[PDB]
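Here is how the chains run, residue by residue.
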Amino acid sequence: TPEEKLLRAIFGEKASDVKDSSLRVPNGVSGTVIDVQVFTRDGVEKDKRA
Amino acid sequence: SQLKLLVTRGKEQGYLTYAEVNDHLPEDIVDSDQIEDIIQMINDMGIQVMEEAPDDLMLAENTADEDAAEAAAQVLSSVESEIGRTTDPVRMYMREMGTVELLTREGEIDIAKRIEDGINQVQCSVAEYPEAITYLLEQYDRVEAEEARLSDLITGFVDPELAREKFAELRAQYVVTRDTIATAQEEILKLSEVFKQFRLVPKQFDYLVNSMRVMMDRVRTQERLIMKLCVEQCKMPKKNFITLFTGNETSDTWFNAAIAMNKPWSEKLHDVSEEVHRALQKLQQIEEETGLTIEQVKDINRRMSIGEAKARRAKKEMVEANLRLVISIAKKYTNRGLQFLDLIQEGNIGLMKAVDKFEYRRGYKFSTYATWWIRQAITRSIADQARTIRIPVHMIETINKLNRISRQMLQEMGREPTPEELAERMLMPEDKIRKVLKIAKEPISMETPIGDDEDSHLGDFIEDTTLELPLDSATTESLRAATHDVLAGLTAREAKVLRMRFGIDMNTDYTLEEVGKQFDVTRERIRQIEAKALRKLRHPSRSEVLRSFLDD
Amino acid sequence: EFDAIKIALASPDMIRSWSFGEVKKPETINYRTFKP
Amino acid sequence: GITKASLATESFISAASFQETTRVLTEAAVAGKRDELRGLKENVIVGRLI
Amino acid sequence: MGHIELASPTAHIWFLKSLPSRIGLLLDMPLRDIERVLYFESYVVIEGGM
Amino acid sequence: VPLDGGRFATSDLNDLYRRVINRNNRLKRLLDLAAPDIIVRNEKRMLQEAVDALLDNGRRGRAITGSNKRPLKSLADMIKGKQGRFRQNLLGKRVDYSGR
Amino acid sequence: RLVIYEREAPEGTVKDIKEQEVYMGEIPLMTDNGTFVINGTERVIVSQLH
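Residues numbered from 1 in each chain as written, not as in the entry; some residues may be left out. Chains lettered and ligands numbered in written order. Part of a larger assembly, values for the part shown. Heavy atoms only, no water. Residues with missing side-chain atoms left out of burial classes, pairs and counts.

- Per the PDB record, the structure was determined using cryo-EM to 3.1 Å resolution.

Here is the structure:
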């Protein structure tokens, strides 16, 4: 927007090219993670947790 | 009429069952759609004809109660007096193709000869159009000069240099026919004879004949300008119009001698005299362009109309039996993406094309040459207008191939074929196979019922992802206020420079040069002012709320 | 704002005045790049 | 009756909300009716004050 | 909105199959007669004249 | 609207509108070729059916059905019916600033 | 097993004798406790009183 440019210039920020859509626990739920399972496609490379 | 008493019994019962609405129907109704229509008529005025007899649950009292009742009753009382389905567009087409006897056994060749002898009277009429011949001569001298490919004039003829020298001989005969303005009597005719041994490009011939029609229509437009402006506007007698104007049509002894005839119709033509005066000049000049008395070209084009009408009238009967054939073939392309009637209409268009492109000089079974065109047209249309998102034909072919190979592998491997293995079979990269797999699937219907007691649909659970969260709008307004405040707390020059540079509270922003020339300064000083302003705003104290808007 | 609702038949000229352009082809989207 | 008295309303926006919509719409259209919101159902559908 | 130029006229179904038959009432013609004329199974004279 | 996984979802009207354009276009094409009047009459009847299904599907002629085998909805069913815009006040209009 | 019953007599003598163990699909099996696993979720097929 025409103003956000001024603030960006002032503080010299760096707008990110990527926006986060991460799995976060539902509100009002508290508990202990007891199991994590990871399924990978046939082409993708398994990460260091799988 | 037991139908009336059926309606009364339904009123007295408060409902009708399917057995009741079957027992009291006319015993001569065979078509079901008439039964559907009459039950719909009954339901429109009441009472709903449910399929079973079904105490203490109140039913819809009399919702379908209105004057519409009696009128509806009349409709029912009129249904018995006559009969007819007319409720399935397929059935009417079937009946109409039944009417035309499917019996043209070697009469097809007779009608083909009729067409050949009907599309040649138009050729004869074209022959006496030296303007088209002049165009052909010009295009001969044009293509041989390599302004266009030589074959642009012929789709084959009845050798390059032989054709060029034959056209040169035509040029010689035409110059002798043209500079011999009672000596052009025989020459032109003879030149027409040798000219009748040619075969034009479809586009060339069609354009030339349409230009012939355009010229004759200009002549006929002048004929209107002389006719209705006088006969229908000035009340010039129809007999008088047939007498004087018709026969000369070019001289001044039929209009300028029409006002001077000293008749009640004559001396009233002064008011509309100007337009006829000008039409005489126009037609006299056009006769120079065409070099033919108006009546002659009128008659030749009338004969052309006769010939083309004869051709079309026989193509009708040619097309009908092959339409029966089209039904027969198209019966086996159902359930792909198109209703039956669209399939048969595409087939009929293809058949029209085939008949327009058939010759009776090859000893072919017409149930062979045409059926190919029919199937090709049907499959083309099915591939082009069967799905919401239009995937090109080659992708359709690849999808079909993939499905065939997948079925084969499943029957062979004994399980599902992995896309890696399927790409192993078909020499295609894995990514292409995955893409084509994704592409094919057709869209869902947003009115697909979901299993909820509220009886919702899949379209009611699709959130909108383009909206601006009402908190973002408030944040933007707060930012607009805060930037206004912070600008206020600066030197006037710095605030004005910043507003122009970044476009705050303004229309299109302006460049350094533009803002510099704005008040009065070079660009460098404007840059210095902007730098000073940004240095101040970067300084703390004045940089608390904005940094909060950052929230970093 | 407004103060009544009126309903009547729509003339061809009225319908042409509502519209912003004629819809000729039957094709919706481009199946590879989903622009209209 | 209470079921043949409600089918006499003079605001097709009201009458079209609980009766057969097609019939009410056609009858209103051919007759060129004007609906001047003076009921409670009408001003509810339109979003005004009852 | 958009508009489609129909090649040939077409009968607005609401004003035909409503069963007062608005077109029928206006023309003084039974519904079945206009049905025959529309579905191309007859001819209707618009000007007998002489 | 594009659903997840590359799969699309659409309302029935799209279908019907397509059904009314193809035929319409085809009709024009026939009139350009001066086709025999039997097929043009059949085409005109088809176009009439398409329009009558678009305005109100299933009113008279055995409503055309979609791939789902269900009878696809038309402009006269988005207004009418217990599930139309009208009668939405039967049970409708979720509301913000609320809880239970 | 496919047999073409060669077309002379008796009603075609048999000469072709094919014999292939073809695959006709999958039949879901019943867990030890009368429950089926259809898509990773246990299901129960209720009896019907017709």
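1. Quick word on the interface of chain D and chain F
Here comes step 1: Contacts between the two partners involve 10 residues from chain D, matched on the other side by 6 residues from chain F.
Here comes step 2: Summing both sides of the interface, chain D and chain F together bury roughly 590 Å²; the carbon and sulfur share of this comes to 61%.
Here comes step 3: Among the residues of chain D in contact with chain F, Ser 17, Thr 21 and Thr 22 of chain D are the three that bury the most area, contributing 61% of the side total.
Here comes step 4: Inspection of the region where chain D meets chain F yields 0 salt bridges.
Here comes step 5: Counting the contacts that link chain D with chain F gives 2 residue pairs in polar contact.
Here comes step 6: Looking at the side of chain D that touches chain F, the elements that each hand over two or more residues are α1 (12-18), α2 (21-31) and α3 (41-46) of chain D.
Here comes step 7: Tallying contributions element by element places α1 of chain D first for the side of chain D that touches chain F, with 4 residues.
Here comes step 8: Of the residues contributing to the side of chain D that touches chain F, the split by class is 5 nonpolar, 4 polar and 1 charged. (Contact = heavy atoms within 4.5 Å. Buried area = accessible area lost by both parts, 1.4 Å probe. Salt bridge = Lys/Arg side-chain N within 4 Å of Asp/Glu carboxyl O. Polar contact = N/O pair within 3.5 Å; in protein donor to acceptor, adjacent residues only side chain to side chain. Helix = DSSP H or I, 4+ residues; strand = E, 2+ residues; numbered from the N terminus. Nonpolar A, V, L, I, M, F, W, Y, C, P; charged D, E, K, R; others polar.)

2. Concerning the domain arrangement of chain B
Here comes step 1: Assigned domains within chain B: domain 1 (1-56), domain 2 (87-146 + 159-385), domain 3 (386-466) and domain 4 (467-548).
Here comes step 2: Averaged C-alpha coordinates put domain 1 of chain B and domain 4 of chain B at centres separated by 80 Å. (Domains from an automatic or database assignment.)

3. Some remarks on a positive patch on the surface
All names here are of chain B.
Here comes step 1: Taken together, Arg 493, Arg 525, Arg 527, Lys 532, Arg 535, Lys 536 and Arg 538 make up a surface patch of like positive charges.
Here comes step 2: Sort the elements by how many residues they give to the positive patch and helix α23 (residues 523-538) lands first, with 6 residues.
Here comes step 3: Assessed through its relative accessible area of 40%, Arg 538 is described here as partly exposed. (Patch = residues over 30% accessible without salt bridge, like charges linked within 9 Å, V, L, I, M, F, W, Y side chains within 5 Å. Areas by Shrake-Rupley, 256 points an atom, 1.4 Å probe, with all protein chains shown as cover. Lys, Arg positive; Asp, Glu negative; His and termini not counted. Charge placed at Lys NZ, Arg CZ, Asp CG, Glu CD. Buried < 20%, exposed > 50% of the residue type's maximum accessible area, 1.4 Å probe, protein only.)

4. Focus on the packing of aromatic side chains
Here comes step 1: All chains considered together, the criterion is met by 14 aromatic pairs over all chains.
Here comes step 2: Pairing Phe 195 of chain B with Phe 198 of chain B gives two aromatic rings, centres 5.7 Å apart and planes at 75°, and the pair type is edge-to-face.
Here comes step 3: Among the residues examined, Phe 198 of chain B registers a relative accessible area of 22% and is labelled partly exposed.
Here comes step 4: Each ring, one from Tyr 369 of chain B and one from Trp 373 of chain B, has its centre 6.3 Å from the other, and the planes form 50°; the classification is tilted. Placement of both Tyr 369 of chain B and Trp 373 of chain B in helix α16 (residues 366-384) is noted, with a separation of 4 residues, approximately one turn of the helix.
Here comes step 5: Following the ring pairs from residue to residue traces out a cluster consisting of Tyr 140, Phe 157, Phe 167, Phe 195 and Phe 198 of chain B.
Here comes step 6: We note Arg 48 of chain D situated over the ring of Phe 2 of chain C; from NZ or CZ to the ring centre the distance is 4.4 Å. (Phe/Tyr/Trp six-rings, centres within 6.5 Å; stacked < 30°, edge-to-face > 60°. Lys NZ or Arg CZ within 6 Å of the ring centre and 35° of its normal.)

5. A few points about unusual backbone geometry
Here comes step 1: Here the residue pair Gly 46 of chain B and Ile 47 of chain B is connected by a cis peptide bond, since its omega of 5° sits within 30 degrees of zero.
Here comes step 2: Here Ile 47 of chain B shows up in the loop between α3 (32-45) and α4 (68-79).
Here comes step 3: Omega for the bond connecting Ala 9 of chain G with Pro 10 of chain G falls within 30 degrees of zero, at 0°, which places this linkage in the cis form.
Here comes step 4: Secondary-structure assignment places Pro 10 of chain G in the segment before β1 (36-37).

6. Here's the deal with the packing of helix α5 (residues 89-99) of chain B against helix α15 (residues 340-356) of chain B
For any two helices packed against each other, one specifies the inter-axial angle together with the distance between the axes.
Residues and elements named next belong to chain B.
Here comes step 1: For the pair α5 and α15, the least separation of the axes is 10 Å and the interaxial angle reads 40°. By the angle between their axes, α5 is oblique relative to α15. When the axes of α5 and α15 are compared, the crossing they make is left-handed. Only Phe 340, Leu 341, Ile 344 and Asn 348 of α15 make contact with α5, whose side of the interface consists of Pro 89, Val 90, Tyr 93 and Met 94.
Here comes step 2: Taken together, the residues of the contact of α5 with α15 break down into 7 nonpolar, 1 polar and no charged. (Axes fitted to C-alpha atoms, helices over the stretch in contact; angles between N-to-C directions. Parallel < 35°, antiparallel > 145°, perpendicular 65-115°, else oblique. Left-handed = near helix turned anticlockwise from the far one by under 90°.)

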